[PDB]
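[1] Following this: a sequence and the matching experimental structure.
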Amino acid sequence: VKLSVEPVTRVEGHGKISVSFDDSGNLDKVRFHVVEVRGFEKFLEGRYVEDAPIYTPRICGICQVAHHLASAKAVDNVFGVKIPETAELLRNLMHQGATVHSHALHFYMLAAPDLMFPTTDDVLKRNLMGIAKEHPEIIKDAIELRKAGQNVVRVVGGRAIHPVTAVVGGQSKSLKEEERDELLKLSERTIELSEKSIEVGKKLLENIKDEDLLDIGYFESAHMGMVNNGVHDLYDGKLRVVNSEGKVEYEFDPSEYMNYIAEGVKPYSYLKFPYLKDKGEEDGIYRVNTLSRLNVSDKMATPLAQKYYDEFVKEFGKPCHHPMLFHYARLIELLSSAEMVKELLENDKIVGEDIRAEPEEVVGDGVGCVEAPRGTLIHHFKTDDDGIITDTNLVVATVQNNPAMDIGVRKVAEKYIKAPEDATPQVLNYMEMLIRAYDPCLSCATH
Amino acid sequence: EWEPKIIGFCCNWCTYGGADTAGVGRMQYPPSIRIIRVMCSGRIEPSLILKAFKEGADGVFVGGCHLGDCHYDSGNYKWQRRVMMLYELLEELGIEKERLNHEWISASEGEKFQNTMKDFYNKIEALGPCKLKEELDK
Amino acid sequence: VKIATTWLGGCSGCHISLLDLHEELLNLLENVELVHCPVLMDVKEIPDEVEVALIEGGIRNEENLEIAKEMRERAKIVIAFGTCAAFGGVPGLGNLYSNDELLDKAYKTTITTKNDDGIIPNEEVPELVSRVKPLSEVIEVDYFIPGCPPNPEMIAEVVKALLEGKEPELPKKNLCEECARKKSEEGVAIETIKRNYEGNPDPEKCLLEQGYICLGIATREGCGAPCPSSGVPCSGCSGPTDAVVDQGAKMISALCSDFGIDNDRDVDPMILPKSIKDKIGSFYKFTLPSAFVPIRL
Ligand code: NFU
Ligand code: SF4
Ligand code: SF4
Ligand code: SF4
Ligand code: FES
Ligand SMILES: [Fe+3]
């Protein structure tokens, strides 16, 4: 007997879950397959290095901002140029708005249908249209969060999807005072909605515990996230790694990532299986984004977010390993990012005119890293004296959660499936719920 | 067995005239080329050249007035600037720079056109067929 | 009206842009009957009887080809949604390399990859097709919405027209129209070609006249020209106009014509090719698969 969940829905990209059985009717093999690959790492070769922030955003339509900046940072390291402070704050303001748009998107349009209707048979109800019918307020508020988030990106980045302002030496355009004022007025309303989102998440995750689904795909593992003096930071900092007990195993500058991260390959999926180089394929399994970032962080950079995080630490502890609690963590980050948008707009340097810096001589190596909504994102570029890309390497957020997703789905089937008959529509959906919890961007992850 | 497929673009006032001069004088040359008439060499652009290759062309030739003798005064200077980029773009596309040939032949230069046609055929014949249409139909 | 959507070799940007309709998305969903959409609903199989289909992405692998053929039979009207589906998009650049090269890089030569066996995923995953191909190259396409991604309002307009029973009409002009940058009355003249990092551009003057390769001239309008308005050249994400088959070829023709026009008879024609180190990536960023020569041999 062989069943297949293809395609997995309410996830970015193409993926499938296979559930096989032996002749005796016992659960045999449960795998998570990614059936897509475009190969950017190779075609980027021969292109202009300054054009990388134009091509990489096209890796994914949800987190394009993260790739734009990630490449920008890499390009800024190819040419030995340090960008001005105004350009750092602008790029960051862009990154924070994109997170708000991303987190809002996943939680409300991809996760919520299951968190609201965990035991439903009607597929036409398990979606945003179904939520909007019984709860229009929830979807309208979600839309407003995205509208606000994408607005920030459109203004700073130039385009809501695939921005174009992060150039060599900084930004191509400065934020005007009129634009800043309008954005600052709207930022308060974005924070309000993010606080309300956490409350909605609390309600929905209680309904999940009431059906005993908070422990689906559970497993203990290491966790990775970027921190600035220990504080949670998605734009700049060093990459911290903590073990399943919470002890800091590593802390390094993204430029040294090839000495800490390794990527394995299995024949059943186009998505690789990374791990901690030293620890190995089994001992070195780690996770990224939302919770992983909260786990490695001592505290949140914003005050309203810190409060919810403190309450969360008292209730679940550090480090938390529950996959389903990544949704909660995502909402804490949604608030923190919304708060950071207001914080950055208040800084008078954002509207400064010293946005660009003339590039220096071309240096062969260039590494750029940022915490994309779905995890640590590293863009590494190697070029020739003219600045033409010779070799590239991308370690995109979600790939780092592939083992966790392959293991998680296996533990769901182990908990609910014993025979082919047990694999019912609701049960099979539980396996996708585990996948969904990590907010997977499959196109992103394979690149 | 295999005979190259060459396409020609010739300005009405000079190369097309030179092509006619070669015919009248019985100046024999290979039967690979198929000339397309245009009024000026300036009418030729990358799209027509690339289109030819896609269709199955092993060779593409462009003829015009000598620099300074354009019936339209400065049409050939624009085409000259276009063909130089094109040459290198073709290399980037894995198409040999030598499969594209541009010359300046006058209305009475029938002897030059005859010899340009002999040379270009020998070049394309040596290079062998262009496998672009072979790979696209796959 | 049963509307359905799907994705192929794209990035999901077109779907995100559909969501960028915001409040109007709900209004649209009350007018249409969304029967299949992998990113929003759990309807796994493409249902029978679909009036309109919005297919995102080009043909990158074998499953994409099957889905295209499947959706084409189930849908009365098929729409190549976005630049990747209409012209091939950015992934198209992979046509400059063999699939074996594309795969060996991602699964073997990458600095952080550890593949001692030296294997390429082949189990349960589809094979890559010879080259990235636009949707129209494998199935009959009725209409298309260009843009990487198309702006939300444009997506509404097209869908709205079909619901009404009318025929959708795309803008025909090239980008300079919407572009607010000042053009010289005498015409365009280019002196030297500068890379996007070379220099500090003037915010008022046309970027092409300043020496930067701006594809607005060879690109269909509709987007509102956000790139030049933001300080960078247009990269031609919307693709060409209805009267232009190959965007790169035309962009070059134009660029060469005006380069050194004020010294037309005596300007060196070798300055331009020597200046541009990467020609394909400068003119065929989003349209290589739709070009006359869409691959590197
Ligand atoms: N967030 C995000 Fe991307 Ni669609 C992923 N996974 C990038 O780094
Ligand atoms: S077109 Fe531009 S946007 Fe629409 S999918 Fe291909 S890439 Fe993402
Ligand atoms: S910038 Fe690109 S678009 Fe705006 S005008 Fe100069 S050319 Fe036309
Ligand atoms: S400007 Fe050129 S690039 Fe920027 S969007 Fe409109 S078209 Fe795509
Ligand atoms: S007329 Fe033949 S060159 Fe212009
Ligand atoms: Fe990679």
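    The structure has been received and is ready for your questions. Residues are numbered from 1 along each chain as shown, chains lettered A, B, ... in the order given. Ligands and ions are numbered 1, 2, ... in the order given.
[2] Next one: residue C:31 from ligand 5, what distance?
    Distance of residue C:31 to ligand 5, computed by C-beta to the nearest ligand atom, to the nearest Å: 57 Å. C-beta: built from backbone N, CA, C; applies to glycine.
[3] what sits against the nearest residue to residue A:102 once chain neighbours are set aside?
    The spatially closest residue to residue A:102, leaving aside those adjacent along the chain, is residue A:373, at 3.8 Å (C-beta to C-beta, 6 or more residues apart in numbering or on different chains). Taking C-beta atoms under 8 Å, 6 or more residues apart in numbering or on different chains as the contact definition, residue A:373 lies against A:62-63, A:66, A:98-99, A:102-103, A:106, A:289, A:333, A:397, A:439.
[4] change it to 6 Å
    A:63, A:99, A:102 (C-beta atoms under 6 Å, 6 or more residues apart in numbering or on different chains).
[5] what sits against residue 80?
    Unless you meant another one, I'm taking chain A. Applying C-beta under 6 Å, 6+ apart to residue A:80 gives the contacts A:360, A:363.
[6] hm, I was asking about chain B
    residue C:269.
[7] what's the answer for residue C:228, then?
    By C-beta under 6 Å, 6+ apart, the residues touching residue C:228 are C:179, C:181, C:207.
[8] Kindly indicate which of those residues lies nearest ligand 5.
    In terms of C-beta to the nearest ligand atom, no member of those lies closer to ligand 5 than residue C:207, at 30.4 Å.
[9] Just put the contacts of residue C:228 in JSON lines and tack on secondary structure, neighbour count and distance to residue A:423.
    Shown next, in JSON lines, are the contacts of residue C:228 (DSSP: H, G, I helix; E, B strand; the rest coil; neighbours: other C-beta atoms under 10 Å in any protein chain shown; distance: C-beta to C-beta, whole Å):
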{"residue": "C:179", "secondary structure": "coil", "neighbour count": "22", "distance to residue A:423": "57"}
{"residue": "C:181", "secondary structure": "coil", "neighbour count": "20", "distance to residue A:423": "60"}
{"residue": "C:207", "secondary structure": "coil", "neighbour count": "23", "distance to residue A:423": "58"}
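[10] host element of the residue in the stretch 101-250 of chain A that ligand 1 sits nearest to?
    Residue of the stretch 101-250 of chain A nearest ligand 1, by C-beta to the nearest ligand atom: residue A:102 (5.9 Å). Using DSSP states H and E, residue A:102 sits within helix A:85-105.
[11] what's that helix packed up against?
    Contact analysis of helix A:85-105 by 3 or more C-beta pairs under 6 Å, 6 or more residues apart in numbering or on different chains; DSSP states H and E lists helix A:64-78, helix A:136-157, strand A:170-171, helix A:325-346 as its packing neighbours.
[12] Most tightly packed of the ones you listed?
    For the helices and strands packed on helix A:85-105, the largest average neighbour count (mean count of other C-beta atoms under 10 Å in any protein chain shown) is found in helix A:64-78, namely a mean of 27.
[13] Alpha carbons only: can I get it in CSV?
    Taking Å, rounded to 0.1, in the frame of the first residue of the first chain, the C-alpha atoms of helix A:64-78 are listed here in CSV:
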residue,chain,number,x,y,z
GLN,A,64,11.9,38.9,-2.1
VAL,A,65,12.9,41.8,0.2
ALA,A,66,15.2,39.5,2.2
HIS,A,67,17.0,38.3,-0.9
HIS,A,68,17.4,41.9,-2.2
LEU,A,69,19.1,43.1,1.0
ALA,A,70,21.0,39.8,1.4
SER,A,71,22.5,40.3,-2.0
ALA,A,72,23.0,44.0,-1.5
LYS,A,73,25.0,43.3,1.7
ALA,A,74,27.1,40.7,-0.3
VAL,A,75,27.7,43.1,-3.2
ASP,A,76,28.7,45.7,-0.6
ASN,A,77,31.3,43.2,0.6
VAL,A,78,32.5,42.3,-2.9
